[PDB]
Amino acid sequence: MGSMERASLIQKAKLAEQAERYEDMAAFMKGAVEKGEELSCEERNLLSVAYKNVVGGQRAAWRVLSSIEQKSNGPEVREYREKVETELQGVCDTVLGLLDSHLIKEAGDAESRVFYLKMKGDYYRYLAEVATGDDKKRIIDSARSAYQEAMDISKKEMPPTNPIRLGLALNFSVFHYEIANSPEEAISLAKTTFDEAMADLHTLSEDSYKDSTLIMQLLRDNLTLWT
Amino acid sequence: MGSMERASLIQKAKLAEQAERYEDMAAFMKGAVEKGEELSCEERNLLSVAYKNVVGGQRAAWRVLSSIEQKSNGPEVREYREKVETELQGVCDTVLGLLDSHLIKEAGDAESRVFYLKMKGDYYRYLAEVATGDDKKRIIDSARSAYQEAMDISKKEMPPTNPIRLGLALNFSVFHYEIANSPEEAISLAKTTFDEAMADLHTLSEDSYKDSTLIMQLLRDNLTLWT
Amino acid sequence: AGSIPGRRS
Amino acid sequence: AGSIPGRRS
Ligand SMILES: *Cc1ccc(-n2c(C)nc3cc(OC)ccc32)cc1
Ligand SMILES: *Cc1ccc(-n2c(C)nc3cc(OC)ccc32)cc1
Ligand SMILES: [Cl-]
Ligand SMILES: [Cl-]
């Protein structure tokens with residue numbers, strides 16, 4: 001996307017979102033990141049929405065194929081699951097590469113740095129979902145390390161109701177439950193996050209209250225499923 | 001897909017459908033067609049489902065972008081609508097190319113020949129939806145000619161409740177209403193199709209009755225919207 | 001109006 | 001369970 005203006009890439013990413021063309025949206029946002037400038041809050045959201053939709057479709061397909069393969073146990077189901085898996089890994093590697101070149105290193109404000117480190121944790125988590133064996137171990141540790149650094153910053157620099165802090169805690173709790181085989185840690189983190197947010201709601205405007213309580217309900221939904 | 005066995009392509013098309021990977025499904029079915037053998041009834045359905053889902057997503061995106069462009073009247077919305085339009089045209093050209101090389105010419109039984117000529121009408125109709133001017137005229141005539149040949153065969157060779165005959169009539173009626181500016185022809189064709197199917201339902205088994213009445217309800221739904 | 005959906009088979 | 005949906009923005 002080297003020949004397209006940064007502003008045009010951003011505009012087209014917004015159009016692609018409206019048109020539900022998430023692969024295009026991700027390509028436009030990759031082009032925008034590669035212009036080398038930092039991303040604004042809204043631009044970070046466009047980047048994240050684009051890739052979350054792309055990798056979300058790949059994950060759903062991988063789970064369908066992996067289930068068929070497990071029930072079967074010719075080479076075709078395994079071959080096709082492997083094809084989808086390689087594609088998924090390629091998208092995760094692309095996102096991680098953007099974060100490493102050079103979004104995280106230039107992100108100094110807590111809102112940007114936490115956002116990108118949460119993304120890093122999430123895309124290593126998606127890699128861990130399809131990994132096996134010792135490869136799984138290092139990938140799991142990479143996700144954990146990213147989430148932990150984000151958590152440390154968020155607790156020092158953001159109020160307990162901040163939506164990014166809440167979503168980070170939600171996703172790290174899912175990591176503990178689904179990836180790290182630590183359901184007690186998952187439940188403890190979700191509980192403590194919910195309770196500390198509750199106690200801070202009194203400080204919020206109507207609009208912020210709506211955002212924070214929406215995410216707190218997701219924490220509660222997981223707690224209900226886990227307990 | 002030249003190095004993959006025909007049977008493996010078909011198997012993977014079925015897996016791609018289950019995984020909702022319609023671009024993959026279409027590529028597998030294109031590979032299967034290019035093996036050069038005729039397609040069975042089920043294989044024809046896989047081909048059609050794959051491309052209808054691909055082009056259906058493109059059409060929906062094109063309509064979103066075209067609406068934004070019309071409300072606006074920088075170059076970005078037009079450029080991006082044009083990009084989606086070119087992609088859509090490319091998929092339609094690919095399907096039409098498979099039909100012309102050499103599915104239609106080898107299709108002798110009414111069920112296969114009508115099926116492929118209906119597809120030809122449909123993909124020219126999708127080209128007509130995005131065409132302008134005199135290009136629109138020849139594309140419209142190509143769709144009409146394909147649908148008409150399919151209609152002529154279907155009326156001679158298939159009972160009025162046959163699902164392919166019914167779906168052909170349904171889609172040709174949509175062509176008349178939405179493309180050819182012939183709403184009266186659309187309504188007449190839908191009515192006559194519905195009534196002649198009604199009168200033939202007594203010949204059908206429970207399972208065939210269910211299929212035929214489902215499509216007849218689609219004809220009725222259009223008649224209700226058009227009258 | 002509506003053509004045959006044809007997106008499942 | 002459920003991570004943040006994050007597919008609309
Ligand atoms: C990772 C992540 C956290 C939080 C959101 N999110 C949601 C679901 N609603 C939000 C409203 C905001 O207004 C400030 C900010 C973030 C929000 C999405 C993804
Ligand atoms: C173009 C077209 C016509 C008809 C179908 N269709 C539907 C919607 N249900 C069907 C059941 C059948 O069993 C014999 C055959 C065709 C059917 C799809 C596309
Ligand atoms: Cl900075
Ligand atoms: Cl033949």
# chains A, B, ... in the order shown; residues from 1 in each chain; ligands from 1
>>> residues_near_ligand(ligand="ligand 3", cutoff="7 Å", atoms="only C-alpha atoms and all ligand atoms", output="list in words")
residues 38, 106, 107 and 108 of chain A
>>> write_last_selection(atoms="N, CA and C atoms", output="PDB file, in the first residue's frame")
ATOM      1  N   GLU A  38       2.998   7.029  14.480  1.00  0.00           N
ATOM      2  CA  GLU A  38       2.174   6.472  15.542  1.00  0.00           C
ATOM      3  C   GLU A  38       0.699   6.511  15.130  1.00  0.00           C
ATOM      4  N   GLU A 106       7.507   2.666  20.078  1.00  0.00           N
ATOM      5  CA  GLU A 106       7.211   4.088  20.034  1.00  0.00           C
ATOM      6  C   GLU A 106       6.049   4.469  20.946  1.00  0.00           C
ATOM      7  N   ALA A 107       5.391   3.509  21.596  1.00  0.00           N
ATOM      8  CA  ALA A 107       4.194   3.794  22.400  1.00  0.00           C
ATOM      9  C   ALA A 107       4.599   4.101  23.846  1.00  0.00           C
ATOM     10  N   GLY A 108       4.434   5.354  24.235  1.00  0.00           N
ATOM     11  CA  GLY A 108       4.849   5.845  25.541  1.00  0.00           C
ATOM     12  C   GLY A 108       3.680   6.108  26.464  1.00  0.00           C
TER      13      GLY A 108
END
>>> residues_around(residues="residue 154 of chain B", least_positions_apart="2", cutoff="9 Å", atoms="only C-alpha atoms", output="count of residues only")
16
>>> residues_near_ligand(ligand="ligand 2", cutoff="12 Å", atoms="only C-alpha atoms and all ligand atoms", output="MDAnalysis selection string")
(chainID B and resid 41:42 44:49 52 111:112 114:122 147 150 161:172 204:219) or (chainID C and resid 2:9)
>>> interface_residues(of="chain A", to="chain B", cutoff="8 Å", atoms="only C-alpha atoms", output="JSON list (two decimals) with N, CA, C and O atoms, in the first residue's frame")
[["chain", "number", "residue", "atom", "x", "y", "z"],
["A", 8, "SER", "N", -5.86, 8.26, 3.12],
["A", 8, "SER", "CA", -6.70, 7.45, 2.25],
["A", 8, "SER", "C", -6.81, 6.01, 2.73],
["A", 8, "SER", "O", -7.89, 5.41, 2.65],
["A", 11, "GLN", "N", -9.22, 6.12, 5.64],
["A", 11, "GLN", "CA", -10.58, 6.28, 5.14],
["A", 11, "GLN", "C", -11.10, 4.98, 4.55],
["A", 11, "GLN", "O", -12.27, 4.60, 4.77],
["A", 12, "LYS", "N", -10.28, 4.31, 3.76],
["A", 12, "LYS", "CA", -10.71, 3.04, 3.15],
["A", 12, "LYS", "C", -10.88, 1.94, 4.19],
["A", 12, "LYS", "O", -11.75, 1.08, 4.01],
["A", 15, "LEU", "N", -14.33, 2.44, 5.41],
["A", 15, "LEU", "CA", -15.29, 1.95, 4.43],
["A", 15, "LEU", "C", -15.33, 0.43, 4.41],
["A", 15, "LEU", "O", -16.42, -0.17, 4.32],
["A", 18, "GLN", "N", -17.45, -0.83, 7.21],
["A", 18, "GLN", "CA", -18.87, -0.70, 6.91],
["A", 18, "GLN", "C", -19.34, -1.77, 5.95],
["A", 18, "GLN", "O", -20.48, -2.24, 6.05],
["A", 19, "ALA", "N", -18.50, -2.14, 4.98],
["A", 19, "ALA", "CA", -18.81, -3.14, 3.97],
["A", 19, "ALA", "C", -18.54, -4.57, 4.44],
["A", 19, "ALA", "O", -18.75, -5.51, 3.66],
["A", 20, "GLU", "N", -18.08, -4.73, 5.67],
["A", 20, "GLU", "CA", -17.73, -6.03, 6.24],
["A", 20, "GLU", "C", -16.67, -6.75, 5.40],
["A", 20, "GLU", "O", -16.70, -7.98, 5.23],
["A", 21, "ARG", "N", -15.71, -5.99, 4.89],
["A", 21, "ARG", "CA", -14.59, -6.51, 4.11],
["A", 21, "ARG", "C", -13.36, -6.45, 5.02],
["A", 21, "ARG", "O", -12.49, -5.58, 4.89],
["A", 60, "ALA", "N", -12.44, -19.86, 13.91],
["A", 60, "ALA", "CA", -13.69, -20.62, 13.83],
["A", 60, "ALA", "C", -13.57, -21.74, 12.81],
["A", 60, "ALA", "O", -14.02, -22.88, 13.08],
["A", 61, "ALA", "N", -12.94, -21.49, 11.67],
["A", 61, "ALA", "CA", -12.76, -22.54, 10.67],
["A", 61, "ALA", "C", -11.84, -23.62, 11.18],
["A", 61, "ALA", "O", -12.11, -24.83, 10.98],
["A", 62, "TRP", "N", -10.74, -23.24, 11.83],
["A", 62, "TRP", "CA", -9.80, -24.21, 12.38],
["A", 62, "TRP", "C", -10.49, -25.10, 13.40],
["A", 62, "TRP", "O", -10.24, -26.32, 13.43],
["A", 64, "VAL", "N", -13.71, -25.94, 13.50],
["A", 64, "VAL", "CA", -14.58, -26.87, 12.76],
["A", 64, "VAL", "C", -13.75, -28.02, 12.20],
["A", 64, "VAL", "O", -14.10, -29.21, 12.36],
["A", 65, "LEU", "N", -12.64, -27.71, 11.56],
["A", 65, "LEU", "CA", -11.82, -28.73, 10.91],
["A", 65, "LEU", "C", -11.14, -29.63, 11.93],
["A", 65, "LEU", "O", -11.08, -30.87, 11.74],
["A", 76, "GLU", "N", -7.04, -35.80, 3.70],
["A", 76, "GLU", "CA", -7.57, -34.50, 3.27],
["A", 76, "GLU", "C", -7.96, -33.61, 4.45],
["A", 76, "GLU", "O", -7.73, -32.39, 4.40],
["A", 77, "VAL", "N", -8.61, -34.16, 5.48],
["A", 77, "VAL", "CA", -9.03, -33.29, 6.60],
["A", 77, "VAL", "C", -7.82, -32.71, 7.30],
["A", 77, "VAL", "O", -7.77, -31.50, 7.61],
["A", 80, "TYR", "N", -6.21, -30.05, 5.04],
["A", 80, "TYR", "CA", -6.94, -28.79, 4.98],
["A", 80, "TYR", "C", -6.89, -28.05, 6.32],
["A", 80, "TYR", "O", -6.71, -26.83, 6.36]]
>>> closest_residue(among="B:50, B:197, B:95, B:104", to="ligand 4", atoms="only C-alpha atoms and all ligand atoms")
B:104
>>> atom_distance(atom1="atom CA of residue 40 of chain B", atom2="atom CA of residue 66 of chain A")
28.3 Å
>>> atom_distance(atom1="atom CA of residue 188 of chain A", atom2="atom CA of residue 134 of chain A")
27.4 Å
>>> atom_distance(atom1="atom CA of residue 5 of chain A", atom2="atom CA of residue 28 of chain A")
10.5 Å
